[PDB]
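Descriptive structure summary
In case you want the letters, here they are:
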Amino acid sequence: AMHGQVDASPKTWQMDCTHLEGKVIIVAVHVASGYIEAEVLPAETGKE
Amino acid sequence: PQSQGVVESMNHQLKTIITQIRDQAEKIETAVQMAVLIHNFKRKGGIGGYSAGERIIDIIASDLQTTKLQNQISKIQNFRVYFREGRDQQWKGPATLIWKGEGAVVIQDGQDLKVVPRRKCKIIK
Amino acid sequence: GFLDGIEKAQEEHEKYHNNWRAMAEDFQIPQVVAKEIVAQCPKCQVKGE
Amino acid sequence: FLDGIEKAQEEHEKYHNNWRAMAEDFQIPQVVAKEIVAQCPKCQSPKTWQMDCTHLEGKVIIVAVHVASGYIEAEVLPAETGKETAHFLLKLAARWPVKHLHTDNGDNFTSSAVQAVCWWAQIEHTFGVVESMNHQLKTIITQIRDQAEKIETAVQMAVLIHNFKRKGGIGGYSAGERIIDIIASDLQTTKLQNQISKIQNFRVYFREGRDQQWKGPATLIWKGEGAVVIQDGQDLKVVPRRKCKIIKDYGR
Amino acid sequence: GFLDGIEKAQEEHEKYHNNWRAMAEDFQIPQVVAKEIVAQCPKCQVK
Amino acid sequence: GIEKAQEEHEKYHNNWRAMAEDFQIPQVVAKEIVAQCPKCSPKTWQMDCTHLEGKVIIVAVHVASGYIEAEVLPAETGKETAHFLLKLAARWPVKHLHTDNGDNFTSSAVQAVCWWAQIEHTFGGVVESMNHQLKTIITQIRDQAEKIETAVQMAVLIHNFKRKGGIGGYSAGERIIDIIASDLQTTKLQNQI
Amino acid sequence: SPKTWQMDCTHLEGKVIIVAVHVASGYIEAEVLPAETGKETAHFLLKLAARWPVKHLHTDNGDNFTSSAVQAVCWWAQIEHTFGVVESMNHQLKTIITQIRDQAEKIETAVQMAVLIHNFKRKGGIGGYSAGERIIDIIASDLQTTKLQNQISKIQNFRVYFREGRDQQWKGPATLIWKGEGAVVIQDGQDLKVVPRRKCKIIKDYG
DNA sequence: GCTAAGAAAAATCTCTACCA
DNA sequence: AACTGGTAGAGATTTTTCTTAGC
DNA sequence: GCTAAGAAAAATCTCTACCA
DNA sequence: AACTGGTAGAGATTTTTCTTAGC
Ligand SMILES: [Zn+2]
Ligand SMILES: [Zn+2]
Ligand SMILES: [Zn+2]
Ligand SMILES: [Zn+2]
């Protein structure tokens, strides 16, 4: 029953991919401020 | 999934905004980019009352300015400090004095910062 | 005054769906008017208590 | 305090400084320094972008350049129709604050899609630096072409080398530090202007020394803890708080 | 909401020149917007 | 440090000055590193001339600090330009002169002064900003003096020591003094070690 | 004193030369005057004040040094003018003028070449420095002292939102003291502490 | 004979996953 | 117009109990 | 002229769903 | 041997601000 604390350096980004309406969205977030960039991929491969 | 909790929370926020402004676009890519714009510049509240863009601008500008300021301060310093710490009363070598405060001093030794009280240190010019 | 600010905040919430703090800081209207502008929207209001 | 204000007034009368230098040197708050600057009769863009389309190796590249610092965002289009130009403009308006767009008289720049994007994003579109930035970007593209398989990888790597590696100018900064510092200065100006209007919506009745009468309504400038700075008769002065009555002013 | 109340208060003060507490008790708007409506009139004065 | 500089130039192809500043390498090794690539200054002054109220104003700008030095010329001949360049070389150390393809700067007297002062004379978005800022200051303080010469010299003084702008918050004279002092200490320590 | 200048005048070949000397390093700026009136003297003083920082001036009780134009220029440039080395510098300047006279046609070319030779081509002293290196080093040291004393408070005017052990709420805006590579020293409620780099956000917080 | 430093042992408070 | 989250366990911090040195 | 009751308005604290 | 939950909103409770009656 304890929780950790993630990194909050001023040059750290986190990335993930999600699904919506059969499309593949990819989200990248700057952590220390909450800045969102997002795109739509045609597939979930490595080149995109 | 709790390790990268920030991007999952931002997935939830982006999906709620996409469901809010879905009826103003035809495709889903335009709605994604409009949800990014609405989240970035049209939502305030947080640490300093900023939005996201003002906060990232403030963070990077403050980082650059404080690096330049502390370089220009630390390039012309003096007043080395020999201090005594540890479980045994030993003496360590040359350390750099950073700030002289009423109660304690800040020393830098081996690229490590420490706070030492004024009873266990002596300054050599 | 801020009456044109109230009308422009109504159109800006009709387009962008801001929260109340963004309108109350951009258009310099008091917070009760911005909270009422947010409260009179059906596309909003998705939260428990 | 009052000596610092009078020294700042004489210094601005002589040399016509800015408000940041006087607020840092004479140790006065920034609202009083901006008041002294705004009262001068002789002392009276960070959000403009330029767009361009070019061709390279059978592809169509579109370049958007922030003018005040030299900041390049580029992309590769599949065709040269209006919808992909409107989509790139929407992405640029989603990432950076854009309020004035400068383009040429192309066909795909004059379309209903670009007009609807500029209407939804509230951007002033004006039909008429960029050639010099295109020359520099194409020389970098021809410099590191062999390290990439496709053309888009070389385009994005050239954008990275141009933004964060080539340093020049007066102080020797890159382009990203210049655009971040310029936008941060504009943000500081807007926040201070909001505070200035919110303080200046008041009125002060002040009472002079060795007199039991209240004088005329002087405008409040800065309300401190022990001192109060007022403007009266086109002159700034400091009156203590025990000889003042601060009332709301409905004078629209 | 009271946005239509603010519009009707602007019309009613443009015709009859009411005071701020009367419009705030009749049209049920807050007192700051009613005081601002009285403040914007060049002929009236909030008292 | 040398392997880091070689990897950095193989990746991004930096110039030798930025590599010598960021990786702390003497300049001859960085010069040879840049010269060995197949794909590939604190004493540089730029000169210009302009017109204002029928007079000819010559302006010399130090580039790496933004320092100004202006003078009123009675004519646009070559002898007065050579005399101003001689005074500029006699006041500040000049090693590289940048000019435009003009008529007065391409003269036998100016070339003789350049030979006697040992200056590399080269012909070719900073100087236009400096001239525009000098014009705005001249239009600001015009009514505090009678002739245009006193207005030009007071505009030079205000632009040099009374405009604390930019990122660092430094005037022009403090910047050029600190730059030449740091370059002198760098050359001294490199000649010693 | 790093900001004190002295002035004098002399005659050569029927002309009048005026020589101003930075005293603490021996820096000579000399010009040829077509007349001995106060207007061109105040113009030369204005050019000297526009090129180099002059904070204290010392002259003699001459006829052109006592002028309303000189008083106006000193008032406009905030110069403390006092009435009372330069003779030795004038002797050195005249000897260099007679040394390289045979290469100059006019007189002003020989005067400015003698100024260049005395400023940058006569390395002497103790450390083996010229005059330009001495004046640059002196002014740089004084400016470094004053800007250090201002930059300490200028770097202490920031705000830090930090995070402590086992608490998921960001604390209040403590004051920054020094930002290291992997540690940040903050002051919070007159208590100094050290937090890691991955638990802090540094804002200036305009508002 | 009496008191108190010190260490072990028991009582209490705060926080989390899983059940649908 | 009459409905609703709760249970048990792991550590951290405070409190009670027991043994023994010093005066 | 000055003080204080009283009500409105803004600032702060505690608690929950959803993202995987 | 070097890893980790966070974001935004709805009410409740405390604090500041503004108008006006009483002495
Ligand atoms: Zn809404
Ligand atoms: Zn002015
Ligand atoms: Zn009215
Ligand atoms: Zn190369």
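**Things to note about the protein's contact with DNA strand J**
Every one of the 14 residues lining DNA strand J counts as a neighbour, but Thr18 of chain A, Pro1, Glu8 and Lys15 of chain B together with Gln31 of chain C are closest to it. Separating a phosphate oxygen of DNA strand J from a side-chain N or O atom of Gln31 of chain C is a distance of 3.0 Å. One of the side-chain N or O atoms of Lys47 of chain C is found 3.5 Å from a base oxygen in DNA strand J. Elements with a minimum of two residues in the surface near DNA strand J: α1 (5–20) of chain B, α3 (31–39) of chain C together with α3 (31–39) of chain E. Considering each element in turn, the surface near DNA strand J owes the most residues, four residues, to α1 of chain B.

**Re the UniProt feature "DNA-binding region" (unreviewed entry) in chain G**
Residues given the UniProt feature "DNA-binding region" (unreviewed entry) here are residues 158–205 of chain G. Secondary structure content for residues 158–205 of chain G is 0% helix and 52% strand, and the end C-alpha separation is 8 Å.

**Digging into unusual backbone geometry**
In this model, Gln28 of chain C sits at a positive phi of 60°, which is unusual for a non-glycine residue. In this fold, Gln28 of chain C is placed in the loop between α2 (20–26) and α3. One non-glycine residue, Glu53 of chain F, adopts positive backbone phi at about 55°. Tracing the backbone shows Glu53 of chain F in the loop between β1 (44–52) and β2 (55–62). With a relative accessible area of 58%, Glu53 of chain F lands in the exposed category.

**Considerations on the packing of aromatic side chains**
Residue and element names in this part refer to chain D. Across all of its chains, the model carries 10 aromatic pairs over all chains by this definition. Aromatic side chains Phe1 and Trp222 sit 5.9 Å apart centroid to centroid with 25° between the ring planes, which places their arrangement in the stacked category. For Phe1, a relative accessible area of 52% gives the class exposed. Relative accessible area serves as the criterion here: at 24%, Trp222 is assigned to the partly exposed category.

**Section: the packing of helix α2 (residues 28–41) of chain B against helix α4 (residues 82–95) of chain D**
Across the interface, α2 of chain B lies against α4 of chain D with an axial gap of 8 Å and an inter-helix angle of 20°. Taken as axis vectors, α2 of chain B and α4 of chain D run roughly parallel relative to one another. Between α2 of chain B and α4 of chain D lies a crossing of left-handed hand. Between α2 of chain B and α4 of chain D, the contacting residues are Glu29, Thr30, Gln33, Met34, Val36, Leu37, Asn40 and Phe41 of chain B on the first element and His87, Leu90, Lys91, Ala93, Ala94 and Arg95 of chain D on the second.

**Concerning the coordination of the zinc ion (ligand 4)**
Residues and elements named next belong to chain F. Protein-derived coordination of the zinc ion (ligand 4) comes from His9 (NE2), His13 (ND1), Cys37 (SG) and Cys40 (SG), at a distance range of 2.2 to 2.4 Å. With four donor atoms in place around the zinc ion (ligand 4) and angles of 94 to 124° between them, the coordination shape is tetrahedral. When the donors of the zinc ion (ligand 4) are listed by position in the chain, the intervening gaps give H-x3-H-x23-C-x2-C. Placement of the pair is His9 in helix α1 (residues 2–11) and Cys37 in the loop between α3 (27–35) and β1, with a sequence separation of 28 residues. Judged by its relative accessible area of 4%, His9 falls in the buried class.

**Brief notes about the interface of chain F and chain G**
In this complex, chain F contributes 33 residues to the contact, which on the side of chain G involves 32 residues. Looking at the side of chain F facing chain G, the largest losses of area belong to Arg91, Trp116 and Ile177 of chain F, adding up to 23% of the total buried there. Between chain F and chain G we count one salt bridge in total. Note that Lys47 of chain G and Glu71 of chain F form a salt bridge whose closest N and O atoms lie 4.0 Å from each other. Contributing elements (two or more residues each) for the side of chain F that touches chain G: β3 (67–73), α4 (79–91), α7 (148–161) and α8 (172–192) of chain F. Counted by class, the side of chain F that touches chain G contains 18 nonpolar, seven polar and eight charged residues.

**So, the packing of helix α1 (residues 2–15) of chain D against helix α3 (residues 30–38) of chain D**
Residues and elements named next belong to chain D. Taken N-terminus to C-terminus, the directions of α1 and α3 make an angle of 35°; their axes are 11 Å apart at the nearest point. Between α1 and α3 the crossing geometry is right-handed. The residues of α3 that touch α1, namely those facing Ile5, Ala8, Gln9 and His12, are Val32, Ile36 and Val37. Its residues placed into classes, the contact of α1 with α3 shows five nonpolar, two polar and no charged.

**Considering the sheet that holds strand β4 (residues 56–59) of chain G**
Residues and elements named next belong to chain G. Read across the open sheet, the five strands follow the order β3-β2-β1-β4-β5; overall the sheet is mixed. Of all strands in the sheet, those with a lone pairing partner are β3 (27–33) and β5 (80–83), marking the two edges. Here the strands of the sheet are splayed against their neighbours by 25° on average, with no regard to which way each runs. As defined by bridge partners, β4 adjoins β5 across four bridges and the pair is classed as parallel. The residue bridging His58 from the neighbouring strand is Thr82, located in β5.

**Here we look at the side chain of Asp63 of chain B**
Tracing the sequence through the fold places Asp63 of chain B in helix α3 (residues 52–74). Reaching out from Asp63 of chain B, the side chain makes a polar contact with the side chain of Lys179 of chain G at a distance of 2.4 Å. Among all residues touching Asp63 of chain B, those that are not within four sequence positions of it are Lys11 of chain A together with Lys179 of chain G.

**Considerations on the sheet that holds strand β1 (residues 13–20) of chain A**
Spatial ordering of the open sheet is given by β1-β2-β3 (chain A), a layout of three strands whose pairing is antiparallel. At either margin of the open sheet sits one strand with a lone partner, and together these are β1 and β3 (35–41) of chain A. Across this sheet, the average inter-strand angle for adjacent strands is 20°, counted without regard to direction. Across seven bridges, the pairing between strand β2 (residues 23–30) of chain A and β3 of chain A is antiparallel. Paired with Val24 of chain A across the bridge in β3 of chain A is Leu41 of chain A. Docked against the sheet, α1 of chain B engages β1, β2 and β3 of chain A, running at close to 45° with respect to β1 of chain A.

**What about the nonpolar core?**
Counting residues in hydrophobic clusters, the biggest one holds 75 residues, and the most contacted among them are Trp45 of chain F together with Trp5, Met7 and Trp52 of chain G. Ignoring anything within four residues of it in the chain, the contact list for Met7 of chain G reads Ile18, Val19, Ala20, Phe44, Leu45, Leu57, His58, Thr59, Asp60 and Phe65 of chain G. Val29 of chain A, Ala61 of chain B together with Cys118 and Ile183 of chain D belong to the second-largest nonpolar core, a separate cluster that totals 59 residues.

**Re the coordination of the zinc ion (ligand 1)**
All names here are of chain C. Within the protein, the zinc ion (ligand 1) binds to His13 (NE2), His17 (ND1), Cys41 (SG) and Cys44 (SG); these donor distances fall in the range 2.0 to 2.4 Å. In this structure, the zinc ion (ligand 1) is surrounded by four donor atoms whose angles at the metal cover 101 to 119°, and the resulting shape is tetrahedral. Taken in chain order, the donor set of the zinc ion (ligand 1) reads H-x3-H-x23-C-x2-C. You can see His17 sitting in the loop between α1 (3–16) and α2 and its partner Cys41 sitting in the segment after α3, a full 24 residues away along the chain. Considered together, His17 and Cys41 belong to a single accessibility category, that of buried residues.

**A few points about the pairing of β4 of chain G**
Look at any regular strand and the pattern is simple: side chains alternate between the two faces of the sheet. Residues and elements named next belong to chain G. Residues of β4 alternate between two faces, with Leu57 and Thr59 buried on one and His56 and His58 left unburied on the opposite face. Where strand β1 (residues 4–12) and β4 come together, three bridges link them in parallel fashion. When the sheet's bridge partners are listed, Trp5 is paired in β4 with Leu57. Taking the sense of rotation as the criterion, the β-α-β connection linking β4, helix α2 (residues 68–76) and β5 turns out right-handed.

**As for the interface of chain C and chain B**
With 14 residues of chain C at the interface, the matching set in chain B holds 10 residues. Taking both partners together, chain C and chain B bury about 1000 Å²; carbon and sulfur atoms supply 48% of that area. When the buried surface of chain C facing chain B is broken down by residue, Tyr16, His17 and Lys43 of chain C rank first, second and third, together holding 43% of it. Here chain C is connected to chain B by two salt bridges.

The rules behind each value
- Residues numbered from 1 in each chain as written, not as in the entry; some residues may be left out.
- Chains lettered and ligands numbered in written order.
- Part of a larger assembly, values for the part shown.
- Heavy atoms only, no water.
- Residues with missing side-chain atoms left out of burial classes, pairs and counts.
- Near = heavy atom within 4 Å.
- Polar contact = N/O pair within 3.5 Å; in protein donor to acceptor, adjacent residues only side chain to side chain.
- Helix = DSSP H or I, 4+ residues; strand = E, 2+ residues; numbered from the N terminus.
- UniProt positions renumbered as here; feature names shortened; annotations may be inferred.
- Buried < 20%, exposed > 50% of the residue type's maximum accessible area, 1.4 Å probe, protein only.
- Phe/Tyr/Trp six-rings, centres within 6.5 Å; stacked < 30°, edge-to-face > 60°.
- Axes fitted to C-alpha atoms, helices over the stretch in contact; angles between N-to-C directions.
- Parallel < 35°, antiparallel > 145°, perpendicular 65-115°, else oblique.
- Left-handed = near helix turned anticlockwise from the far one by under 90°.
- Contact = heavy atoms within 4.5 Å.
- Donors = N, O, S within 2.8 Å, 3.2 Å for Na, K, Ca; no water.
- Tetrahedral: all angles 85-135°; square planar, octahedral: opposite > 155°, others 65-115°.
- Buried area = accessible area lost by both parts, 1.4 Å probe.
- Salt bridge = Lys/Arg side-chain N within 4 Å of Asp/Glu carboxyl O.
- Nonpolar A, V, L, I, M, F, W, Y, C, P; charged D, E, K, R; others polar.
- Pairing = 2+ DSSP bridges.
- Core = buried A, V, L, I, M, F, W, Y, C linked by side-chain atoms within 4.5 Å.
- Right-handed = clockwise from strand over helix to strand, strands pointing away.

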